[PDB]
Amino acid sequence: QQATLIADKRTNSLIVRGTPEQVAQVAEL
Amino acid sequence: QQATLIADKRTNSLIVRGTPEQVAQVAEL
Amino acid sequence: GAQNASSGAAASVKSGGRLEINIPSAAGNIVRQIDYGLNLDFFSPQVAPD
Amino acid sequence: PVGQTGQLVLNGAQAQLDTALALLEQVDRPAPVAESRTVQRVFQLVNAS
Amino acid sequence: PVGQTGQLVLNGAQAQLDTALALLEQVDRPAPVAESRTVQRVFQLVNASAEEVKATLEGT
């Protein structure tokens with residue numbers, strides 16, 4: 001699949017949820 | 001499934017009907 | 001039910017007047033508000049920990 | 001074996017007994033744990049939305 | 001066995017009998033219990049709105 005992304009507008013937080021490889025890709029972006 | 005919930009407006013009563021595990025979850029809420 | 005240009009603003013302040021418009025139409029009624037005087041609209045106000 | 005209860009009734013001469021128990025002390029350790037198939041990271045953005 | 005009733009009629013010499021009862025005292029204990037496949041937590045939010053937090057977490 002693809003990693004789940006959750007965006008909070010109040011706190012300006014990005015939450016990525018997936019396999020450890022899919023999460024390291026967002027972490028470098 | 002999920003527990004059955006019955007709400008009485010006249011008496012403000014909540015009635016939960018299900019398995020003993022499903023009922024203890026509403027009882028703690 | 002009326003349409004205003006500041007509906008999508010996070011915060012607002014106004015002082016002046018306001019025109020209320022109610023025109024019936026077959027394609028959808030024109031129901032508008034036009035504000036005059038001073039209009040200040042603020043959109044999307046993010047603040048950083050700095 | 002005492003059923004499938006992780007117990008094991010073993011019954012032999014004492015020489016065999018104190019040898020098998022020294023080996024089992026060496027080659028017998030709990031299994032490793034799986035890591036996980038899902039992780040979370042939270043990023044507090046500063047400049048972007 | 002007395003059917004499937006968790007009873008067990010065992011019948012031998014007394015030497016065997018007082019030996020088997022000592023072993024069974026050691027290697028016989030009740031089974032462990034499963035934990036559960038479902039848990040609940042309740043969070044009393046202080047600064048955020050519980051309904052907006054739920055919509056954020058569900059992507060709606």
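Keep in mind that the numbers below use all heavy atoms, side chains included, and drop hydrogens, waters and symmetry copies. Lettering follows sequence order; numbering is per chain, from 1.
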J.: Considering heavy atoms only, which positions within residues 21-29 of chain A lie below 4.5 Å of chain E?
T.: none
J.: Would you say CD of E:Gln40 has more than 12 non-hydrogen atoms from neighbouring residues, nucleotides or ligands within 6.0 angstrom?
T.: yes
J.: Taking only residues at least two apart or on different chains, which pairs with a member in residues 44-60 of chain E satisfy salt bridge (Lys or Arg N to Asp or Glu O under 4.0 Å)?
T.: E:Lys54-E:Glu58
J.: So, taking the atom named CG in E:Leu23 and the one named CG in E:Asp18, what distance separates them when rounded to the nearest 0.5 Å?
T.: 12.5 Å
J.: For a quick test of your reading: what N or O donor-acceptor pairs under 3.5 Å do the side chains of residues 3-12 of chain E make, sequence neighbours left out?
T.:
unit_1	atom_1	unit_2	atom_2	d
E:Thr5	OG1	E:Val2	O	2.4

J.: Heavy atoms under 4.5 Å from chain E: which residues of residues 1-20 of chain A carry them?
T.: A:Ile6, A:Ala7, A:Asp8, A:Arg10
J.: Under 4.5 Å heavy-atom distance to chain A, tell me which part of E:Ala55 shows up: side chain, backbone, both or neither.
T.: neither
